[PDB]
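Engineer: This is the structure, below, for whatever I ask next.
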Amino acid sequence: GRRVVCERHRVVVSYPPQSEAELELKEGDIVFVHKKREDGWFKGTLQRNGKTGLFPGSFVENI
Numbered sequence: 826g827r828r829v830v831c832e833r834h835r836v837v838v839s840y841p842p843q844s845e846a847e848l849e850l851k852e853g854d855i856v857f858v859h860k861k862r863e864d865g866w867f868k869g870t871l872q873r874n875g876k877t878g879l880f881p882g883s884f885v886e887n888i
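Under the authors' numbering, the first residue of the sequence shown is numbered 826, with each subsequent residue one higher.
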């Protein structure tokens, strides 16, 4: 019941970052979601490169 801050997701649609605040997503990447924002952007950390940043939530799916 305690907050989930490391929720495992898979990237469904690749996303190129518009700035350094954003994460590059590649299809198939594993991303751990720390926060889902009211504006629909997620904060998470990629397993592949260890980077933390913001990305559009609709581009990922729960595992």
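From the three backbone atoms N, C-alpha and C, an ideal C-beta is built for every residue, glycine too.
Count the other CB atoms, across all protein chains shown, that sit within 10 Å of the CB of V858; report buried if there are 16 or more and exposed otherwise.
Structural biologist: Residue mapping note: residue 858 aligns to position 33 of the sequence shown, counting from 1. When all chains shown are included, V858 counts as buried.
Engineer: Hey, how far is the Cα of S883 from the Cα of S844?
Structural biologist: Residue mapping note: residue 883 aligns to position 58 of the sequence shown, counting from 1. Residue mapping note: residue 844 aligns to position 19 of the sequence shown, counting from 1. Each residue's Cα considered, the two are about 19 angstroms apart.
Engineer: Comparing C-alpha positions only, which one of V856, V885 and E886 sits nearest to residue 933?
Structural biologist: Here the chain covers residues 826 to 888 and nothing more, so residue 933 does not appear.
Engineer: Out of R833, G826 and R827, which has the shortest C-alpha to C-alpha gap to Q872?
Structural biologist: Here the question's residue 872 lines up with position 47 in the sequence shown. Per the Cα distances, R833.
Engineer: Kindly indicate the opening and closing residues of the beta strand (DSSP E) around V829.
Structural biologist: Start at 1 with the first residue of the sequence shown, and residue 829 comes out as number 4. That residue, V829, is in no beta strand (DSSP E); it is neither H nor E in DSSP.
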